[PDB]
Each structure stands twice: as C-alpha cells, then as structure tokens.
Number of protein chains: 2
Amino acid sequence: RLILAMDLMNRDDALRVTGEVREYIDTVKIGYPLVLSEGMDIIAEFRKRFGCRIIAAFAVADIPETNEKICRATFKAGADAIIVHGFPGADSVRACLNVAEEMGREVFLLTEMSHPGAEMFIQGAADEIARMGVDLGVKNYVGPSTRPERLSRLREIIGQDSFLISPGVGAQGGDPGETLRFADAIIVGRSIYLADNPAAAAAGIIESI
Amino acid sequence: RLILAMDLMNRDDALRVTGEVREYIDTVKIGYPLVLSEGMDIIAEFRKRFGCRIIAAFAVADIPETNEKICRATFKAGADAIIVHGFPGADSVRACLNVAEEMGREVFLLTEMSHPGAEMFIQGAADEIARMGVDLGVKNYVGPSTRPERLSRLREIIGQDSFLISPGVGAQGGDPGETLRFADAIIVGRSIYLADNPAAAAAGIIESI
Ligand SMILES: O=C(O)c1cc(=O)[nH]c(=O)n1[C@@H]1O[C@H](COP(=O)(O)O)[C@@H](O)[C@H]1O
Ligand SMILES: O=C(O)c1cc(=O)[nH]c(=O)n1[C@@H]1O[C@H](COP(=O)(O)O)[C@@H](O)[C@H]1O
C-alpha cells in the first residue's frame with residue numbers, strides 16, 4: 001500500500017534509491033522533476049530495471065487537444081497511468097480517458113490537492129470534481145493525506161470500489177495509518193528519498209501500518 | 001522467476017487459480033484458450049484484480065499488416081507484452097515491434113518451440129531466428145525447457161542482457177532448476193492449474209529452486 005514518489009532529479013540518485021526500496025513498494029510515481037531532467041526514456045528504464053508499475057505524475061491541466069497529445073506521449077513512453085487534474089473540466093478529463101482507452105492504460109483523477117494553497121480554490125470544487133469523475137467512469141483518484149476529513153468525503157463520493165491513492169504523507173504532515181483508513185495506498189516521496197537510509201525509512205512506514 | 005500460464009477456459013476457474021497462486025508469481029501469461037472463451041476484456045480484469053503484468057501468448061504468425069492489427073488490439077486490451085513467432089520472417093516481426101514502440105509495450109520472440117513437433121522445422125531455423133531477433137533489436141525471447149542444450153545455445157546467441165522465458169516445465173517434461181540455468185524465468189501451466197492444490201504446487205516449484 002506504498003507508492004514511491006521519485007522526485008530526485010538525477011538518474012543515478014533516482015535509480016539508487018528506487019533499487020534500495022524496491023521490496024517495500026510495487027509502484028513508482030515519476031513526475032516532471034525527474035522526466036524534465038533525464039528525459040522520458042527514464043520511464044521505460046525504471047519499468048524494465050525494477051519491474052514496477054509507473055504512474056506519471058504530470059498533473060495534466062490543459063485543453064482537450066493538448067491533454068490528448070500529452071497522454072499519448074506519456075503512454076508511448078511506457079507509463080501505466082497518468083495523473084490528470086479535474087479542475088479544468090470534463091472535456092479535458094475525457095480527452096485523457098479517451099487516450100487511456102485507446103492505449104489500454106489508466107487515468108488517475110486529482111481531486112483535492114494536499115498543500116495549503118489547495119484550500120483557496122480547489123477544495124471548494126473538489127466534491128464536484130469527484131462527482132464529475134464518477135459520472136465520467138473514472139475509477140482511480142488522488143486525494144489529500146493532509147486532510148483526512150476531506151479524504152473521507154472523497155471516498156464517500158467515489159465509493160469503495162474505486163482506487164484512491166494519497167500524497168502528503170510524511171514531509172507535508174500526513175500520517176500513514178490515518179490516511180489508509182480511507183485511501184487504498186499512500187504516496188511517499190521525501191520521507192523516503194531524502195532519508196539517510198531510504199530502505200529503513202520505507203520499512204519503518206510499512207511497520208507503522 | 002515463475003510465470004503462470006493460465007490456459008483454463010472459464011473465467012471463474014481462471015480467477016480462482018490465479019488468485020490462489022498470486023504470491024508466487026508476478027506475471028500471468030494469457031493466451032487464446034482463455035481469451036477466445038471469455039473475451040479480450042479478461043486481460044484488463046486480471047491486470048486490475050491481481051496487479052500482475054500480462055503477457056499475451058498469441059504466437060503471432062501472420063503477414064505484417066495483420067500482425068500490426070493483432071498487436072494493436074492486444075495492447076489496447078491492456079497486455080504488457082505479446083509473444084510473436086519469428087519463423088514467418090523479419091518483416092512480420094518488425095511489424096509487431098513497430099506497434100510495441102508506438103504503444104510503449106514489448107514483444108517476446110518465440111524462437112524454438114518446446115513440443116516434439118518443433119524438431120521438424122522450427123529447430124533447424126531457431127538459431128537464425130534468434131540471430132534475426134538480435135539484429136532487429138529484440139530484447140525478450142522464448143525458448144524450450146524441454147531442450148536445455150538448445151536453451152543454452154539460444155542464450156549464447158541473445159546474450160546475458162536479453163530476457164529469456166521458457167515454457168515446457170512440468171507437464172511437458174522440463175525441469176525448473178535446469179531450465180533456470182539458462183532462462184531468466186520459467187513458464188508453468190498445467191503443473192499448477194490442474195493440481196489439486198495450485199498454491200502448494202507453485203510453492204513446491206519455488207522451493208525446488
Ligand atoms: O499529483 C501529485 O502526485 C500530487 C498531488 C497533490 O495534491 N499533492 C502532492 O504532493 N503530489 C505529489 O506527490 C508527491 C508527494 O511527495 P512528498 O511530499 O515528498 O512525500 C510529489 O511528487 C508531489 O508533487
Ligand atoms: O508461446 C508459448 O507460450 C508456448 C510456446 C512453446 O514453445 N511452448 C509452450 O508450451 N508454450 C505455451 O506455454 C504454456 C505451457 O503450458 P504447460 O505445458 O501446461 O506448463 C502453454 O500456454 C503453451 O501454449
């Protein structure tokens with residue numbers, strides 16, 4: 001129930017840490033910090049070297065036509081799933097869902113974000129964003145570890161059969177156990193990759209739950 | 001280093017056995033016996049329910065244009081890789097490789113087959129089929145558990161960095177340990193899925209190696 005957020009920017013460090021904690025995870029979330037520094041080929045390299053599923057954390061948030069292009073390039077690169085913002089609206093989300101269907105991949109809908117600024121505009125639209133996801137047939141969602149009461153409400157909207165993952169554990173203040181009361185899996189980045197012993201940090205999280 | 005060949009024909013039995021042996025495998029090989037009986041949607045169902053990588057054992061062996069169509073449909077259905085015959089020639093293999101590249105997926109090249117009949121025509125062409133794979137950039141291969149001396153020769157041609165999987169273990173007479181002297185992983189079907197206790201059978205194989 002642990003997903004590693006691999007946001008280190010250099011290939012050597014990213015490969016080292018991911019290899020050290022492989023036994024504690026099954027999925028690696030790779031985003032722009034690593035991809036823009038080392039190239040999209042890093043996705044296929046990780047998939048091959050570690051045999052883990054890869055979620056591309058690209059917070060897709062453009063118009064439908066551009067979202068389609070981003071999703072196509074991302075799935076061509078080997079990602080198993082992509083994270084898409086719901087705030088830009090249904091047409092933008094549908095464009096991503098259409099490419100995922102064409103390529104046999106998945107879309108994760110980012111509802112409410114975990115950082116403080118999410119309270120300004122996203123939080124007020126999050127319940128409706130989750131409902132839009134349900135209406136569009138979305139089965140995978142992202143919600144905040146930092147606000148378990150919001151994570152509970154989002155779980156209420158999407159149902160027990162939807163898959164919900166949650167970032168904000170550790171560095172941002174979220175608790176593994178409390179988050180897993182509602183999410184199926186937790187995303188952890190810095191608490192593991194900036195640790196003196198990433199494997200010990202991962203093991204500690206797994207033990208705490 | 002164990003791949004389950006799930007050749008049961010009904011969804012209920014296939015799901016039961018795969019769930020029972022999940023802890024001993026990481027990849028499920030699904031072929032036409034199950035897909036033609038239950039539909040291509042079974043691939044996505046397995047991927048979701050078990051979180052395993054799926055190799056579509058479709059022994060692709062048609063002209064380039066048709067191979068492209070088969071690969072596209074197979075990857076759209078969610079398969080992570082597809083098994084392609086090398087005997088029909090380089091253009092037929094290249095067509096599959098092109099679709100795999102477009103979709104961020106992989107091709108496994110079937111060189112020499114494991115059954116007795118493979119000695120009639122395939123065996124005599126197998127070394128050249130493997131060399132053709134190397135020339136085309138193929139990195140994943142299938143070779144016979146039933147003939148470890150042939151598996152050794154094929155490993156010699158493709159190199160240590162290529163990934164080699166091998167069927168024919170158990171029912172067809174192949175030995176897990178001897179096969180793993182050359183292959184990276186073994187494929188096992190009947191010895192596990194027809195057993196009175198599939199999990200015990202899988203565990204026994206893992207223990208024997
Ligand atoms: O889209 C995301 O992955 C994301 C959404 C969100 O609301 N909050 C959030 O933290 N993330 C990401 O999840 C990861 C969390 O990393 P840490 O705070 O280091 O554990 C980072 O890659 C973030 O960019
Ligand atoms: O393409 C294959 O997967 C295949 C190639 C080959 O040379 N030999 C071979 O047995 N297979 C398949 O691998 C599986 C082996 O199953 P069992 O003999 O029951 O363990 C079946 O799905 C076969 O169709």
# chains A, B, ... in the order shown; residues from 1 in each chain; ligands from 1
$ interface_residues --of "chain B" --to "chain A" --cutoff "6 Å" --atoms "only C-alpha atoms" --output "PyMOL selection string"
chain B and resi 76-78+102-104
$ residues_around --residues "residue B:34" --least-positions-apart "5" --cutoff "10 Å" --atoms "only C-alpha atoms" --output "JSON, numbers by chain"
{"B": [6, 7, 8, 9, 10, 11, 14, 39, 40, 42, 43]}
$ write_last_selection --atoms "N, CA and C atoms" --output "short mmCIF file (atom, residue, chain, number, x, y, z; two decimals), in the first residue's frame"
data_model
loop_
_atom_site.label_atom_id
_atom_site.label_comp_id
_atom_site.auth_asym_id
_atom_site.auth_seq_id
_atom_site.Cartn_x
_atom_site.Cartn_y
_atom_site.Cartn_z
N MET B 6 -1.93 -19.30 -17.76
CA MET B 6 -3.33 -19.50 -17.39
C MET B 6 -4.16 -19.88 -18.61
N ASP B 7 -4.21 -21.19 -18.87
CA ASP B 7 -4.91 -21.74 -20.01
C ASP B 7 -6.22 -22.42 -19.69
N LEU B 8 -6.76 -22.16 -18.50
CA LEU B 8 -8.09 -22.67 -18.19
C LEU B 8 -9.03 -21.87 -19.09
N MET B 9 -10.16 -22.45 -19.46
CA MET B 9 -11.05 -21.76 -20.37
C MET B 9 -12.23 -21.03 -19.74
N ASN B 10 -12.49 -21.23 -18.46
CA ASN B 10 -13.60 -20.48 -17.89
C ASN B 10 -13.10 -19.47 -16.87
N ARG B 11 -13.71 -18.29 -16.93
CA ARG B 11 -13.32 -17.17 -16.09
C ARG B 11 -13.28 -17.48 -14.60
N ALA B 14 -10.27 -19.70 -13.83
CA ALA B 14 -9.04 -18.96 -14.07
C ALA B 14 -8.76 -17.94 -12.97
N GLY B 39 -13.31 -13.59 -23.83
CA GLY B 39 -13.17 -12.26 -24.39
C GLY B 39 -11.88 -11.55 -23.98
N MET B 40 -11.47 -10.59 -24.81
CA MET B 40 -10.27 -9.81 -24.54
C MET B 40 -10.33 -8.98 -23.27
N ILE B 42 -10.87 -9.92 -20.46
CA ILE B 42 -10.30 -10.66 -19.34
C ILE B 42 -8.88 -10.20 -19.02
N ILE B 43 -8.18 -9.63 -20.00
CA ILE B 43 -6.81 -9.18 -19.76
C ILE B 43 -6.81 -8.02 -18.77
#
$ residues_around --residues "stretch 196-208 of chain B" --least-positions-apart "6" --cutoff "9 Å" --atoms "only C-alpha atoms" --output "MDAnalysis selection string"
chainID B and resid 1:2 17:18 20:25 176:177 188
$ residues_around --residues "stretch 132-134 of chain A" --least-positions-apart "5" --cutoff "12 Å" --atoms "only C-alpha atoms" --output "PyMOL selection string"
chain A and resi 84-94+97+107-111+125-127+139-142+154-159+161-163
$ closest_atom_pairs --of "chain A" --to "ligand 1" --cutoff "9 Å" --atoms "only C-alpha atoms and all ligand atoms" --output "CSV"
residue,atom,partner,partner_atom_place_in_ligand_line,distance
A:4,CA,ligand 1,20 (O),8.1
A:5,CA,ligand 1,22 (O),5.1
A:6,CA,ligand 1,22 (O),6.9
A:7,CA,ligand 1,22 (O),5.8
A:29,CA,ligand 1,22 (O),7.3
A:30,CA,ligand 1,22 (O),7.4
A:31,CA,ligand 1,22 (O),6.4
A:32,CA,ligand 1,22 (O),8.7
A:33,CA,ligand 1,22 (O),8.3
A:55,CA,ligand 1,3 (O),8.9
A:56,CA,ligand 1,3 (O),8.4
A:57,CA,ligand 1,3 (O),5.1
A:58,CA,ligand 1,1 (O),6.8
A:59,CA,ligand 1,1 (O),5.3
A:60,CA,ligand 1,1 (O),8.9
A:83,CA,ligand 1,1 (O),6.1
A:84,CA,ligand 1,1 (O),7.8
A:85,CA,ligand 1,1 (O),8.1
A:110,CA,ligand 1,1 (O),6.5
A:111,CA,ligand 1,7 (O),7.9
A:112,CA,ligand 1,7 (O),6.2
A:113,CA,ligand 1,7 (O),3.0
A:114,CA,ligand 1,7 (O),4.1
A:115,CA,ligand 1,8 (N),6.3
A:118,CA,ligand 1,7 (O),7.9
A:142,CA,ligand 1,5 (C),7.1
A:143,CA,ligand 1,7 (O),6.5
A:144,CA,ligand 1,7 (O),5.9
A:145,CA,ligand 1,8 (N),8.5
A:166,CA,ligand 1,8 (N),7.7
A:167,CA,ligand 1,10 (O),4.8
A:168,CA,ligand 1,18 (O),5.0
A:169,CA,ligand 1,20 (O),5.5
A:170,CA,ligand 1,20 (O),6.0
A:171,CA,ligand 1,18 (O),5.1
A:172,CA,ligand 1,18 (O),5.3
A:173,CA,ligand 1,18 (O),8.5
A:174,CA,ligand 1,20 (O),8.9
A:187,CA,ligand 1,15 (C),6.2
A:188,CA,ligand 1,20 (O),3.9
A:189,CA,ligand 1,20 (O),3.4
A:190,CA,ligand 1,19 (O),3.7
A:191,CA,ligand 1,20 (O),6.1
A:192,CA,ligand 1,20 (O),7.8
A:193,CA,ligand 1,19 (O),8.0
A:194,CA,ligand 1,19 (O),8.6
$ write_last_selection --atoms "C-alpha atoms" --output "PDB file, in the first residue's frame"
ATOM      1  CA  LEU A   4       7.280   5.878  -4.002  1.00  0.00           C
ATOM      2  CA  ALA A   5       7.233   9.453  -5.334  1.00  0.00           C
ATOM      3  CA  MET A   6      10.595   9.573  -7.098  1.00  0.00           C
ATOM      4  CA  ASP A   7      11.259  13.287  -7.426  1.00  0.00           C
ATOM      5  CA  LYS A  29       5.284   7.633  -9.261  1.00  0.00           C
ATOM      6  CA  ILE A  30       7.542   9.599 -11.644  1.00  0.00           C
ATOM      7  CA  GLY A  31       6.878  13.238 -12.395  1.00  0.00           C
ATOM      8  CA  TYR A  32       8.325  16.190 -14.242  1.00  0.00           C
ATOM      9  CA  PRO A  33      11.197  16.832 -11.788  1.00  0.00           C
ATOM     10  CA  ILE A  55       2.310   6.347 -12.572  1.00  0.00           C
ATOM     11  CA  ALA A  56       3.253   9.554 -14.490  1.00  0.00           C
ATOM     12  CA  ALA A  57       2.512  12.431 -12.103  1.00  0.00           C
ATOM     13  CA  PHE A  58       2.041  15.063 -14.755  1.00  0.00           C
ATOM     14  CA  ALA A  59      -0.910  16.935 -13.178  1.00  0.00           C
ATOM     15  CA  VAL A  60      -2.347  17.234 -16.670  1.00  0.00           C
ATOM     16  CA  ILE A  83      -2.471  11.824 -13.097  1.00  0.00           C
ATOM     17  CA  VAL A  84      -4.892  14.349 -14.529  1.00  0.00           C
ATOM     18  CA  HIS A  85      -6.386  17.448 -12.880  1.00  0.00           C
ATOM     19  CA  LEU A 110      -6.582  14.511  -8.989  1.00  0.00           C
ATOM     20  CA  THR A 111      -9.443  15.919  -6.937  1.00  0.00           C
ATOM     21  CA  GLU A 112      -8.254  17.924  -3.946  1.00  0.00           C
ATOM     22  CA  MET A 113      -4.549  18.731  -3.613  1.00  0.00           C
ATOM     23  CA  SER A 114      -2.560  18.280  -0.401  1.00  0.00           C
ATOM     24  CA  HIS A 115      -0.728  21.582   0.009  1.00  0.00           C
ATOM     25  CA  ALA A 118      -5.376  23.878  -2.235  1.00  0.00           C
ATOM     26  CA  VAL A 142      -5.936  11.118  -5.864  1.00  0.00           C
ATOM     27  CA  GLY A 143      -6.895  12.850  -2.593  1.00  0.00           C
ATOM     28  CA  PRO A 144      -5.050  14.568   0.319  1.00  0.00           C
ATOM     29  CA  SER A 145      -3.313  12.838   3.208  1.00  0.00           C
ATOM     30  CA  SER A 166      -2.969   9.785  -1.372  1.00  0.00           C
ATOM     31  CA  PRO A 167       0.111  12.063  -1.256  1.00  0.00           C
ATOM     32  CA  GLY A 168       1.139  14.349   1.573  1.00  0.00           C
ATOM     33  CA  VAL A 169       2.386  11.615   3.937  1.00  0.00           C
ATOM     34  CA  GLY A 170       5.456  12.469   5.979  1.00  0.00           C
ATOM     35  CA  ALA A 171       7.020  15.688   4.798  1.00  0.00           C
ATOM     36  CA  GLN A 172       3.741  17.515   4.272  1.00  0.00           C
ATOM     37  CA  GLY A 173       2.414  16.323   7.621  1.00  0.00           C
ATOM     38  CA  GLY A 174       0.172  13.424   6.725  1.00  0.00           C
ATOM     39  CA  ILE A 187       2.338   8.111  -1.825  1.00  0.00           C
ATOM     40  CA  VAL A 188       5.599   8.943  -0.060  1.00  0.00           C
ATOM     41  CA  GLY A 189       8.440  10.982  -1.501  1.00  0.00           C
ATOM     42  CA  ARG A 190      10.863  12.984   0.645  1.00  0.00           C
ATOM     43  CA  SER A 191      10.393  10.961   3.861  1.00  0.00           C
ATOM     44  CA  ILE A 192      11.966   8.120   1.922  1.00  0.00           C
ATOM     45  CA  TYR A 193      14.222   9.625  -0.753  1.00  0.00           C
ATOM     46  CA  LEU A 194      15.878  12.277   1.427  1.00  0.00           C
TER      47      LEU A 194
END
$ closest_residue --among "B:119, B:184, B:178, B:135" --to "ligand 2" --atoms "only C-alpha atoms and all ligand atoms"
B:119
